[PDB]
>>> print(open('run_17.cif').read())   # mmCIF, C-alpha atoms; chains and numbers go by the auth columns
data_protein
#
loop_
_atom_site.group_PDB
_atom_site.id
_atom_site.type_symbol
_atom_site.label_atom_id
_atom_site.label_comp_id
_atom_site.label_asym_id
_atom_site.label_seq_id
_atom_site.Cartn_x
_atom_site.Cartn_y
_atom_site.Cartn_z
_atom_site.B_iso_or_equiv
_atom_site.auth_seq_id
_atom_site.auth_asym_id
ATOM 1 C CA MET A 1 -2.331 -45.659 21.689 0.00 247 A
ATOM 2 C CA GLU A 2 -5.367 -44.216 19.812 0.00 248 A
ATOM 3 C CA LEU A 3 -8.607 -42.263 20.384 0.00 249 A
ATOM 4 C CA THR A 4 -11.733 -44.465 20.381 0.00 250 A
ATOM 5 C CA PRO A 5 -14.258 -43.870 17.479 0.00 251 A
ATOM 6 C CA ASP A 6 -16.348 -41.890 20.066 0.00 252 A
ATOM 7 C CA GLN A 7 -13.426 -39.628 21.112 0.00 253 A
ATOM 8 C CA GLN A 8 -12.563 -39.185 17.419 0.00 254 A
ATOM 9 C CA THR A 9 -16.147 -37.939 16.808 0.00 255 A
ATOM 10 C CA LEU A 10 -16.181 -35.602 19.842 0.00 256 A
ATOM 11 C CA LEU A 11 -12.758 -34.183 18.700 0.00 257 A
ATOM 12 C CA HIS A 12 -13.940 -33.770 15.119 0.00 258 A
ATOM 13 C CA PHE A 13 -16.966 -31.642 16.183 0.00 259 A
ATOM 14 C CA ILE A 14 -14.632 -29.415 18.309 0.00 260 A
ATOM 15 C CA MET A 15 -12.017 -29.061 15.461 0.00 261 A
ATOM 16 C CA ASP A 16 -14.766 -28.172 12.949 0.00 262 A
ATOM 17 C CA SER A 17 -16.301 -25.303 15.011 0.00 263 A
ATOM 18 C CA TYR A 18 -12.752 -24.186 15.889 0.00 264 A
ATOM 19 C CA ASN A 19 -11.381 -24.073 12.292 0.00 265 A
ATOM 20 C CA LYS A 20 -14.411 -21.955 11.158 0.00 266 A
ATOM 21 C CA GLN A 21 -13.172 -18.961 13.281 0.00 267 A
ATOM 22 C CA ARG A 22 -11.246 -16.188 11.491 0.00 268 A
ATOM 23 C CA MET A 23 -10.315 -12.592 12.427 0.00 269 A
ATOM 24 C CA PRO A 24 -11.667 -10.317 9.631 0.00 270 A
ATOM 25 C CA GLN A 25 -9.256 -8.656 7.159 0.00 271 A
ATOM 26 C CA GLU A 26 -10.811 -5.215 8.081 0.00 272 A
ATOM 27 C CA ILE A 27 -9.405 -5.526 11.613 0.00 273 A
ATOM 28 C CA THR A 28 -5.991 -6.762 10.339 0.00 274 A
ATOM 29 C CA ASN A 29 -5.836 -3.759 7.908 0.00 275 A
ATOM 30 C CA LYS A 30 -6.485 -1.315 10.819 0.00 276 A
ATOM 31 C CA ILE A 31 -3.366 -2.704 12.700 0.00 277 A
ATOM 32 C CA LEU A 32 -1.373 -1.763 9.578 0.00 278 A
ATOM 33 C CA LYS A 33 -3.107 1.506 8.501 0.00 279 A
ATOM 34 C CA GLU A 34 -4.468 3.510 11.471 0.00 280 A
ATOM 35 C CA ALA A 35 -2.602 6.349 13.257 0.00 281 A
ATOM 36 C CA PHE A 36 -0.370 5.292 16.170 0.00 282 A
ATOM 37 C CA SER A 37 -2.200 7.174 18.971 0.00 283 A
ATOM 38 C CA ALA A 38 -3.708 5.902 22.267 0.00 284 A
ATOM 39 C CA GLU A 39 -7.198 6.758 20.895 0.00 285 A
ATOM 40 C CA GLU A 40 -6.808 4.687 17.663 0.00 286 A
ATOM 41 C CA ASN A 41 -4.789 1.873 19.296 0.00 287 A
ATOM 42 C CA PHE A 42 -7.475 1.404 22.017 0.00 288 A
ATOM 43 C CA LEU A 43 -10.230 1.422 19.327 0.00 289 A
ATOM 44 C CA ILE A 44 -8.497 -1.439 17.385 0.00 290 A
ATOM 45 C CA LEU A 45 -8.247 -3.497 20.646 0.00 291 A
ATOM 46 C CA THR A 46 -11.976 -2.684 21.288 0.00 292 A
ATOM 47 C CA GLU A 47 -12.803 -3.940 17.743 0.00 293 A
ATOM 48 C CA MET A 48 -10.760 -7.112 18.444 0.00 294 A
ATOM 49 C CA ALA A 49 -12.536 -7.859 21.777 0.00 295 A
ATOM 50 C CA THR A 50 -15.998 -7.362 20.191 0.00 296 A
ATOM 51 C CA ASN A 51 -15.133 -9.730 17.287 0.00 297 A
ATOM 52 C CA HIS A 52 -13.771 -12.355 19.746 0.00 298 A
ATOM 53 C CA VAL A 53 -17.120 -12.263 21.640 0.00 299 A
ATOM 54 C CA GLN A 54 -18.973 -13.099 18.378 0.00 300 A
ATOM 55 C CA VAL A 55 -16.468 -15.878 17.448 0.00 301 A
ATOM 56 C CA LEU A 56 -16.719 -17.260 21.072 0.00 302 A
ATOM 57 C CA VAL A 57 -20.540 -17.544 21.010 0.00 303 A
ATOM 58 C CA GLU A 58 -20.448 -19.308 17.556 0.00 304 A
ATOM 59 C CA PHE A 59 -17.780 -21.730 18.730 0.00 305 A
ATOM 60 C CA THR A 60 -19.656 -22.438 22.009 0.00 306 A
ATOM 61 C CA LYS A 61 -23.029 -23.075 20.319 0.00 307 A
ATOM 62 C CA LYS A 62 -21.481 -26.002 18.355 0.00 308 A
ATOM 63 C CA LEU A 63 -19.794 -27.727 21.374 0.00 309 A
ATOM 64 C CA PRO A 64 -21.415 -31.178 21.746 0.00 310 A
ATOM 65 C CA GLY A 65 -24.106 -31.106 24.433 0.00 311 A
ATOM 66 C CA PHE A 66 -23.946 -27.313 24.966 0.00 312 A
ATOM 67 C CA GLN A 67 -27.437 -26.815 23.433 0.00 313 A
ATOM 68 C CA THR A 68 -28.743 -29.554 25.814 0.00 314 A
ATOM 69 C CA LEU A 69 -27.915 -27.493 28.959 0.00 315 A
ATOM 70 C CA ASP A 70 -30.540 -25.339 30.796 0.00 316 A
ATOM 71 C CA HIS A 71 -30.798 -21.954 28.909 0.00 317 A
ATOM 72 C CA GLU A 72 -29.710 -19.710 31.844 0.00 318 A
ATOM 73 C CA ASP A 73 -26.723 -22.062 32.479 0.00 319 A
ATOM 74 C CA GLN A 74 -25.610 -21.497 28.838 0.00 320 A
ATOM 75 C CA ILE A 75 -25.541 -17.690 29.562 0.00 321 A
ATOM 76 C CA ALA A 76 -23.755 -18.234 32.929 0.00 322 A
ATOM 77 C CA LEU A 77 -21.014 -20.307 31.214 0.00 323 A
ATOM 78 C CA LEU A 78 -20.645 -17.825 28.355 0.00 324 A
ATOM 79 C CA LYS A 79 -20.480 -14.909 30.820 0.00 325 A
ATOM 80 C CA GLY A 80 -18.134 -16.808 33.208 0.00 326 A
ATOM 81 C CA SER A 81 -15.653 -17.771 30.496 0.00 327 A
ATOM 82 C CA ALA A 82 -15.626 -14.834 28.040 0.00 328 A
ATOM 83 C CA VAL A 83 -12.511 -13.067 29.535 0.00 329 A
ATOM 84 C CA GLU A 84 -10.475 -16.318 29.803 0.00 330 A
ATOM 85 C CA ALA A 85 -11.564 -17.539 26.344 0.00 331 A
ATOM 86 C CA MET A 86 -10.492 -14.114 24.854 0.00 332 A
ATOM 87 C CA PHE A 87 -6.918 -14.138 26.247 0.00 333 A
ATOM 88 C CA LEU A 88 -6.493 -17.738 25.015 0.00 334 A
ATOM 89 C CA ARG A 89 -7.599 -16.893 21.450 0.00 335 A
ATOM 90 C CA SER A 90 -5.544 -13.653 21.521 0.00 336 A
ATOM 91 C CA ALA A 91 -2.453 -15.740 22.449 0.00 337 A
ATOM 92 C CA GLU A 92 -3.101 -17.894 19.360 0.00 338 A
ATOM 93 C CA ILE A 93 -3.617 -14.875 17.010 0.00 339 A
ATOM 94 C CA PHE A 94 -0.462 -13.187 18.443 0.00 340 A
ATOM 95 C CA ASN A 95 1.762 -16.312 18.248 0.00 341 A
ATOM 96 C CA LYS A 96 0.380 -18.155 15.147 0.00 342 A
ATOM 97 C CA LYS A 97 -2.241 -16.383 12.973 0.00 343 A
ATOM 98 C CA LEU A 98 -0.679 -12.902 12.638 0.00 344 A
ATOM 99 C CA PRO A 99 2.393 -12.245 10.422 0.00 345 A
ATOM 100 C CA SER A 100 5.579 -11.453 12.466 0.00 346 A
ATOM 101 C CA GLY A 101 5.490 -7.713 11.551 0.00 347 A
ATOM 102 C CA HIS A 102 1.709 -7.501 12.147 0.00 348 A
ATOM 103 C CA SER A 103 2.069 -8.937 15.689 0.00 349 A
ATOM 104 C CA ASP A 104 4.991 -6.502 16.210 0.00 350 A
ATOM 105 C CA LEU A 105 2.678 -3.575 15.235 0.00 351 A
ATOM 106 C CA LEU A 106 -0.134 -5.077 17.305 0.00 352 A
ATOM 107 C CA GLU A 107 2.226 -5.319 20.357 0.00 353 A
ATOM 108 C CA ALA A 108 3.388 -1.724 19.635 0.00 354 A
ATOM 109 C CA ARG A 109 -0.309 -0.631 19.634 0.00 355 A
ATOM 110 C CA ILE A 110 -1.030 -2.699 22.804 0.00 356 A
ATOM 111 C CA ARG A 111 1.939 -1.020 24.649 0.00 357 A
ATOM 112 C CA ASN A 112 0.721 2.401 23.446 0.00 358 A
ATOM 113 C CA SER A 113 -3.066 2.062 24.052 0.00 359 A
ATOM 114 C CA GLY A 114 -3.136 3.860 27.443 0.00 360 A
ATOM 115 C CA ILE A 115 -3.184 0.581 29.396 0.00 361 A
ATOM 116 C CA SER A 116 -1.051 0.253 32.596 0.00 362 A
ATOM 117 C CA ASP A 117 2.020 -2.066 32.622 0.00 363 A
ATOM 118 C CA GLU A 118 0.268 -3.750 35.603 0.00 364 A
ATOM 119 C CA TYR A 119 -1.940 -5.515 33.001 0.00 365 A
ATOM 120 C CA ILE A 120 0.405 -5.380 29.962 0.00 366 A
ATOM 121 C CA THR A 121 3.260 -7.335 31.704 0.00 367 A
ATOM 122 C CA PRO A 122 1.255 -10.550 32.670 0.00 368 A
ATOM 123 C CA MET A 123 -0.430 -10.498 29.201 0.00 369 A
ATOM 124 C CA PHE A 124 2.855 -10.750 27.187 0.00 370 A
ATOM 125 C CA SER A 125 4.301 -13.035 29.921 0.00 371 A
ATOM 126 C CA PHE A 126 1.348 -15.377 29.277 0.00 372 A
ATOM 127 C CA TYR A 127 1.843 -15.064 25.465 0.00 373 A
ATOM 128 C CA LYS A 128 5.501 -16.126 25.854 0.00 374 A
ATOM 129 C CA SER A 129 4.524 -18.949 28.296 0.00 375 A
ATOM 130 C CA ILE A 130 1.864 -20.317 25.829 0.00 376 A
ATOM 131 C CA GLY A 131 4.239 -19.995 22.802 0.00 377 A
ATOM 132 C CA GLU A 132 6.828 -22.125 24.684 0.00 378 A
ATOM 133 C CA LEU A 133 4.420 -25.136 24.703 0.00 379 A
ATOM 134 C CA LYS A 134 4.267 -25.271 20.825 0.00 380 A
ATOM 135 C CA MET A 135 0.572 -25.976 21.045 0.00 381 A
ATOM 136 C CA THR A 136 -1.218 -27.847 18.248 0.00 382 A
ATOM 137 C CA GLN A 137 -4.585 -26.639 16.829 0.00 383 A
ATOM 138 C CA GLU A 138 -6.273 -29.587 18.681 0.00 384 A
ATOM 139 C CA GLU A 139 -4.746 -28.466 22.014 0.00 385 A
ATOM 140 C CA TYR A 140 -5.980 -24.851 21.456 0.00 386 A
ATOM 141 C CA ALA A 141 -9.463 -26.112 20.500 0.00 387 A
ATOM 142 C CA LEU A 142 -9.739 -28.600 23.411 0.00 388 A
ATOM 143 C CA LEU A 143 -8.270 -26.094 25.925 0.00 389 A
ATOM 144 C CA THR A 144 -10.754 -23.460 24.746 0.00 390 A
ATOM 145 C CA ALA A 145 -13.687 -25.894 25.131 0.00 391 A
ATOM 146 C CA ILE A 146 -12.548 -26.912 28.601 0.00 392 A
ATOM 147 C CA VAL A 147 -12.271 -23.214 29.616 0.00 393 A
ATOM 148 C CA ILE A 148 -15.851 -22.640 28.335 0.00 394 A
ATOM 149 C CA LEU A 149 -17.369 -25.843 29.844 0.00 395 A
ATOM 150 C CA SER A 150 -15.950 -25.072 33.320 0.00 396 A
ATOM 151 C CA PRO A 151 -18.483 -26.234 35.962 0.00 397 A
ATOM 152 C CA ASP A 152 -17.361 -23.911 38.749 0.00 398 A
ATOM 153 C CA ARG A 153 -18.640 -20.609 37.277 0.00 399 A
ATOM 154 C CA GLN A 154 -20.959 -18.527 39.428 0.00 400 A
ATOM 155 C CA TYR A 155 -24.786 -18.658 38.949 0.00 401 A
ATOM 156 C CA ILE A 156 -24.778 -22.180 37.318 0.00 402 A
ATOM 157 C CA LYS A 157 -27.882 -24.074 38.533 0.00 403 A
ATOM 158 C CA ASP A 158 -26.850 -27.613 37.344 0.00 404 A
ATOM 159 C CA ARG A 159 -23.084 -28.242 37.589 0.00 405 A
ATOM 160 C CA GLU A 160 -23.163 -32.058 37.074 0.00 406 A
ATOM 161 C CA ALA A 161 -24.643 -31.588 33.569 0.00 407 A
ATOM 162 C CA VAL A 162 -21.644 -29.283 32.716 0.00 408 A
ATOM 163 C CA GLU A 163 -19.212 -31.760 34.439 0.00 409 A
ATOM 164 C CA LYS A 164 -20.619 -34.479 32.105 0.00 410 A
ATOM 165 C CA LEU A 165 -19.575 -32.349 29.061 0.00 411 A
ATOM 166 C CA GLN A 166 -16.152 -31.183 30.372 0.00 412 A
ATOM 167 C CA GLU A 167 -14.710 -34.540 31.618 0.00 413 A
ATOM 168 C CA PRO A 168 -14.660 -36.255 28.148 0.00 414 A
ATOM 169 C CA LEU A 169 -12.670 -33.259 26.737 0.00 415 A
ATOM 170 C CA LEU A 170 -9.998 -33.389 29.446 0.00 416 A
ATOM 171 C CA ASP A 171 -9.866 -37.195 28.836 0.00 417 A
ATOM 172 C CA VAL A 172 -9.403 -36.574 25.045 0.00 418 A
ATOM 173 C CA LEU A 173 -6.712 -33.893 25.762 0.00 419 A
ATOM 174 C CA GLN A 174 -4.764 -36.157 28.139 0.00 420 A
ATOM 175 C CA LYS A 175 -4.834 -39.035 25.563 0.00 421 A
ATOM 176 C CA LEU A 176 -3.551 -36.684 22.805 0.00 422 A
ATOM 177 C CA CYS A 177 -0.644 -35.710 25.109 0.00 423 A
ATOM 178 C CA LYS A 178 0.146 -39.460 25.646 0.00 424 A
ATOM 179 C CA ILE A 179 -0.083 -40.123 21.840 0.00 425 A
ATOM 180 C CA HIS A 180 1.853 -37.086 20.443 0.00 426 A
ATOM 181 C CA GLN A 181 4.299 -36.448 23.360 0.00 427 A
ATOM 182 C CA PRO A 182 5.099 -39.966 24.823 0.00 428 A
ATOM 183 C CA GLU A 183 8.629 -38.862 25.856 0.00 429 A
ATOM 184 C CA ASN A 184 7.212 -35.817 27.768 0.00 430 A
ATOM 185 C CA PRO A 185 4.953 -37.186 30.600 0.00 431 A
ATOM 186 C CA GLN A 186 4.423 -33.681 32.135 0.00 432 A
ATOM 187 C CA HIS A 187 2.989 -32.240 28.853 0.00 433 A
ATOM 188 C CA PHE A 188 -0.574 -32.527 30.125 0.00 434 A
ATOM 189 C CA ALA A 189 0.412 -30.848 33.445 0.00 435 A
ATOM 190 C CA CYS A 190 1.899 -27.965 31.418 0.00 436 A
ATOM 191 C CA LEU A 191 -1.381 -27.441 29.577 0.00 437 A
ATOM 192 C CA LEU A 192 -3.265 -27.425 32.957 0.00 438 A
ATOM 193 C CA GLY A 193 -0.816 -24.711 34.075 0.00 439 A
ATOM 194 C CA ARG A 194 -2.385 -22.416 31.454 0.00 440 A
ATOM 195 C CA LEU A 195 -5.913 -22.956 32.826 0.00 441 A
ATOM 196 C CA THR A 196 -4.802 -21.574 36.252 0.00 442 A
ATOM 197 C CA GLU A 197 -2.841 -18.705 34.607 0.00 443 A
ATOM 198 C CA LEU A 198 -5.927 -17.792 32.505 0.00 444 A
ATOM 199 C CA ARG A 199 -8.008 -17.460 35.730 0.00 445 A
ATOM 200 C CA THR A 200 -5.684 -14.712 37.090 0.00 446 A
ATOM 201 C CA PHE A 201 -6.690 -12.572 34.090 0.00 447 A
ATOM 202 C CA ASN A 202 -10.299 -12.416 35.456 0.00 448 A
ATOM 203 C CA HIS A 203 -8.968 -10.320 38.397 0.00 449 A
ATOM 204 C CA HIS A 204 -6.374 -8.374 36.285 0.00 450 A
ATOM 205 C CA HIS A 205 -9.204 -7.599 33.804 0.00 451 A
ATOM 206 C CA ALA A 206 -11.812 -6.571 36.458 0.00 452 A
ATOM 207 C CA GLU A 207 -9.475 -4.042 38.220 0.00 453 A
ATOM 208 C CA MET A 208 -8.278 -2.634 34.822 0.00 454 A
ATOM 209 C CA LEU A 209 -11.880 -1.645 33.946 0.00 455 A
ATOM 210 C CA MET A 210 -12.170 0.257 37.294 0.00 456 A
ATOM 211 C CA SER A 211 -9.262 2.532 36.153 0.00 457 A
ATOM 212 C CA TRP A 212 -11.418 3.658 33.145 0.00 458 A
ATOM 213 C CA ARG A 213 -13.352 6.982 32.900 0.00 459 A
ATOM 214 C CA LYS A 214 -11.437 4.381 27.423 0.00 464 A
ATOM 215 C CA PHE A 215 -15.052 3.634 28.537 0.00 465 A
ATOM 216 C CA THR A 216 -16.658 1.052 26.171 0.00 466 A
ATOM 217 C CA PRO A 217 -20.255 0.370 27.356 0.00 467 A
ATOM 218 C CA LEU A 218 -20.762 -2.776 25.163 0.00 468 A
ATOM 219 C CA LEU A 219 -17.720 -4.682 26.559 0.00 469 A
ATOM 220 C CA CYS A 220 -18.427 -3.614 30.193 0.00 470 A
ATOM 221 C CA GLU A 221 -21.920 -5.227 29.935 0.00 471 A
ATOM 222 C CA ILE A 222 -20.291 -8.539 28.848 0.00 472 A
ATOM 223 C CA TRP A 223 -17.385 -8.329 31.379 0.00 473 A
ATOM 224 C CA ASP A 224 -19.319 -7.058 34.494 0.00 474 A
ATOM 225 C CA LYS B 1 -28.480 -10.653 34.782 0.00 744 B
ATOM 226 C CA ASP B 2 -29.971 -9.145 31.560 0.00 745 B
ATOM 227 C CA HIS B 3 -26.849 -9.696 29.292 0.00 746 B
ATOM 228 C CA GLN B 4 -28.920 -8.751 26.166 0.00 747 B
ATOM 229 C CA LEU B 5 -26.108 -9.095 23.545 0.00 748 B
ATOM 230 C CA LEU B 6 -25.039 -12.626 24.704 0.00 749 B
ATOM 231 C CA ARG B 7 -28.729 -13.642 24.659 0.00 750 B
ATOM 232 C CA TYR B 8 -29.194 -12.424 21.076 0.00 751 B
ATOM 233 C CA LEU B 9 -25.947 -14.055 19.900 0.00 752 B
ATOM 234 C CA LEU B 10 -26.847 -17.384 21.530 0.00 753 B
ATOM 235 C CA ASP B 11 -30.503 -17.502 20.379 0.00 754 B
ATOM 236 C CA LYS B 12 -29.698 -16.457 16.764 0.00 755 B
ATOM 237 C CA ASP B 13 -30.592 -18.894 13.873 0.00 756 B
#
>>> encode(input="run_17.cif", output="structure tokens")
Amino acid sequence: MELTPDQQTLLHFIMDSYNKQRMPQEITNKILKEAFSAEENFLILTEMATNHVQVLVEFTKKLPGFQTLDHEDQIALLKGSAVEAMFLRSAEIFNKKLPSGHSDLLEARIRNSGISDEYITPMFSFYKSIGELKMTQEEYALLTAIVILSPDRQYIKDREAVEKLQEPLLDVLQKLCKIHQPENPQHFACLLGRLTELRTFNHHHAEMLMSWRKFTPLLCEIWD
Amino acid sequence: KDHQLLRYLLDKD
């Protein structure tokens, strides 16, 4: 069981754009240095969300075939997927990229950033659920690309063109599950379970912003 | 509909 030279190429382009991404040291230092107040904790989270939006657009621009889509469809996909793509990356930073103590301070800041437990509880629940899968870098990269190249987002004028880009990634992901987890046939199904769980965050996120009066005009323009 | 920031980020170099 192996990827074909074509699937190897498609995967390599995805892994390359994905491995470029890095959270700046200036943000990481703030988690460690700033005062532990709702004001400062919320500001760090705001700086994290803004940086993820920049990282997201750079990753997306390099997905094979993305530049070949109608221009307004590129915007519609980016707008449709930004919230889901954020939570997925944040799960990776929280469970893999951040030192144990740093993620502990980050969590501390998250739980003391004036945000309701209504939103905090499913967030950490999802982080624990994702961490349980012991996801490889290829699975994070593919899963992120599949979330972005989702053909059922609103205001997309040509869905078949997006379907043509998404199907080979799910095919690559399923083959990687067969190759690396042959004893675990439901591994692929587990990964799909995260796509549905990520979608719930679109609603959680939308209602959360309505309980703001915490108002960040830049992020609200992206989100709604 | 305007989404100015996403437009700049996408259409940049």
>>> resolve_selection(input="run_17.cif", expression="the PyMOL selection byres ((chain B) within 9 of (chain A))", output="ChimeraX atom specification")
/B:746-750,752-753
>>> write_last_selection(input="run_17.cif", atoms="C-alpha atoms", output="PDB file, in the coordinates of the input")
ATOM      1  CA  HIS B 746     -26.849  -9.696  29.292  1.00  0.00           C
ATOM      2  CA  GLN B 747     -28.920  -8.751  26.166  1.00  0.00           C
ATOM      3  CA  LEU B 748     -26.108  -9.095  23.545  1.00  0.00           C
ATOM      4  CA  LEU B 749     -25.039 -12.626  24.704  1.00  0.00           C
ATOM      5  CA  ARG B 750     -28.729 -13.642  24.659  1.00  0.00           C
ATOM      6  CA  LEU B 752     -25.947 -14.055  19.900  1.00  0.00           C
ATOM      7  CA  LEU B 753     -26.847 -17.384  21.530  1.00  0.00           C
TER       8      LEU B 753
END
>>> resolve_selection(input="run_17.cif", expression="the PyMOL selection byres ((chain A and resi 362-378) around 9)", output="PyMOL selection string")
chain A and resi 333-334+336-338+340-342+353+356-357+359-361+379-381+437+440+443-444+447+450-451+454
>>> residues_around(input="run_17.cif", residues="residue 259 of chain A", least_positions_apart="3", cutoff="9 Å", atoms="all atoms listed in the file", output="list in words")
residues 254, 255, 256, 262, 263, 264, 308, 309 and 310 of chain A
>>> atom_distance(input="run_17.cif", atom1="atom CA of residue 442 of chain A", atom2="atom CA of residue 393 of chain A")
10.1 Å
>>> residues_near_point(input="run_17.cif", point="(-1.5, 3.0, 17.5)", cutoff="10 Å", atoms="all atoms listed in the file", output="PyMOL selection string")
chain A and resi 276-291+351-359
>>> atom_distance(input="run_17.cif", atom1="atom CA of residue 446 of chain A", atom2="atom CA of residue 388 of chain A")
19.9 Å
>>> residues_around(input="run_17.cif", residues="segment 382-387 of chain A", least_positions_apart="4", cutoff="7 Å", atoms="only C-alpha atoms", output="list in words")
residues 260, 261, 264, 391 and 419 of chain A
>>> atom_distance(input="run_17.cif", atom1="atom CA of residue 430 of chain A", atom2="atom CA of residue 335 of chain A")
24.8 Å
>>> axis_aligned_box(input="run_17.cif", around="segment 322-338 of chain A", padding_each_side="4 Å", output="AutoDock Vina command-line options")
--center_x -13.1 --center_y -16.7 --center_z 26.3 --size_x 29.3 --size_y 15.2 --size_z 21.8
>>> resolve_selection(input="run_17.cif", expression="the PyMOL selection byres ((chain A and resi 405) around 12)", output="PyMOL selection string")
chain A and resi 315-316+319-320+322-323+395-404+406-412
>>> write_last_selection(input="run_17.cif", atoms="C-alpha atoms", output="PDB file, in the frame of the given file")
ATOM      1  CA  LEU A 315     -27.915 -27.493  28.959  1.00  0.00           C
ATOM      2  CA  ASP A 316     -30.540 -25.339  30.796  1.00  0.00           C
ATOM      3  CA  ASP A 319     -26.723 -22.062  32.479  1.00  0.00           C
ATOM      4  CA  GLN A 320     -25.610 -21.497  28.838  1.00  0.00           C
ATOM      5  CA  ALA A 322     -23.755 -18.234  32.929  1.00  0.00           C
ATOM      6  CA  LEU A 323     -21.014 -20.307  31.214  1.00  0.00           C
ATOM      7  CA  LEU A 395     -17.369 -25.843  29.844  1.00  0.00           C
ATOM      8  CA  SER A 396     -15.950 -25.072  33.320  1.00  0.00           C
ATOM      9  CA  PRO A 397     -18.483 -26.234  35.962  1.00  0.00           C
ATOM     10  CA  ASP A 398     -17.361 -23.911  38.749  1.00  0.00           C
ATOM     11  CA  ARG A 399     -18.640 -20.609  37.277  1.00  0.00           C
ATOM     12  CA  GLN A 400     -20.959 -18.527  39.428  1.00  0.00           C
ATOM     13  CA  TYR A 401     -24.786 -18.658  38.949  1.00  0.00           C
ATOM     14  CA  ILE A 402     -24.778 -22.180  37.318  1.00  0.00           C
ATOM     15  CA  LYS A 403     -27.882 -24.074  38.533  1.00  0.00           C
ATOM     16  CA  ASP A 404     -26.850 -27.613  37.344  1.00  0.00           C
ATOM     17  CA  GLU A 406     -23.163 -32.058  37.074  1.00  0.00           C
ATOM     18  CA  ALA A 407     -24.643 -31.588  33.569  1.00  0.00           C
ATOM     19  CA  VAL A 408     -21.644 -29.283  32.716  1.00  0.00           C
ATOM     20  CA  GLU A 409     -19.212 -31.760  34.439  1.00  0.00           C
ATOM     21  CA  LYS A 410     -20.619 -34.479  32.105  1.00  0.00           C
ATOM     22  CA  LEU A 411     -19.575 -32.349  29.061  1.00  0.00           C
ATOM     23  CA  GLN A 412     -16.152 -31.183  30.372  1.00  0.00           C
TER      24      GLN A 412
END
>>> closest_residue(input="run_17.cif", among="A:296, A:420, A:265, A:253", to="residue 435 of chain A", atoms="all atoms listed in the file")
A:420
>>> residues_around(input="run_17.cif", residues="residue 424 of chain A", least_positions_apart="4", cutoff="12 Å", atoms="all atoms listed in the file", output="compact mmCIF listing (two decimals) with C-alpha atoms, in the frame of the given file")
# COMPACT_ATOMS: atom_id res chain seq x y z
CA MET A 247 -2.33 -45.66 21.69
CA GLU A 248 -5.37 -44.22 19.81
CA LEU A 249 -8.61 -42.26 20.38
CA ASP A 417 -9.87 -37.20 28.84
CA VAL A 418 -9.40 -36.57 25.04
CA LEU A 419 -6.71 -33.89 25.76
CA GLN A 420 -4.76 -36.16 28.14
CA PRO A 428 5.10 -39.97 24.82
CA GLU A 429 8.63 -38.86 25.86
CA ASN A 430 7.21 -35.82 27.77
CA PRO A 431 4.95 -37.19 30.60
CA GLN A 432 4.42 -33.68 32.14
CA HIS A 433 2.99 -32.24 28.85
CA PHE A 434 -0.57 -32.53 30.12
CA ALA A 435 0.41 -30.85 33.44
>>> decode(input="run_17.cif", residues="segment 357-376 of chain A", atoms="C-alpha atoms", output="PDB file, in the first residue's frame")
ATOM      1  CA  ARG A 357     -10.378  30.674  31.162  1.00  0.00           C
ATOM      2  CA  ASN A 358      -9.811  34.220  32.480  1.00  0.00           C
ATOM      3  CA  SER A 359     -10.462  36.278  29.291  1.00  0.00           C
ATOM      4  CA  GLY A 360     -14.110  37.175  30.080  1.00  0.00           C
ATOM      5  CA  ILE A 361     -15.478  34.429  27.811  1.00  0.00           C
ATOM      6  CA  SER A 362     -18.510  32.346  28.977  1.00  0.00           C
ATOM      7  CA  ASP A 363     -18.050  28.635  29.885  1.00  0.00           C
ATOM      8  CA  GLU A 364     -20.753  28.024  27.217  1.00  0.00           C
ATOM      9  CA  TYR A 365     -17.955  28.478  24.623  1.00  0.00           C
ATOM     10  CA  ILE A 366     -14.915  27.547  26.777  1.00  0.00           C
ATOM     11  CA  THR A 367     -16.213  23.992  27.601  1.00  0.00           C
ATOM     12  CA  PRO A 368     -16.678  22.683  23.946  1.00  0.00           C
ATOM     13  CA  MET A 369     -13.320  24.314  22.974  1.00  0.00           C
ATOM     14  CA  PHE A 370     -11.197  22.338  25.524  1.00  0.00           C
ATOM     15  CA  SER A 371     -13.458  19.279  24.967  1.00  0.00           C
ATOM     16  CA  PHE A 372     -12.513  19.475  21.267  1.00  0.00           C
ATOM     17  CA  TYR A 373      -8.796  19.970  22.172  1.00  0.00           C
ATOM     18  CA  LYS A 374      -8.891  16.784  24.294  1.00  0.00           C
ATOM     19  CA  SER A 375     -10.846  14.898  21.553  1.00  0.00           C
ATOM     20  CA  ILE A 376      -8.262  15.921  18.848  1.00  0.00           C
TER      21      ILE A 376
END
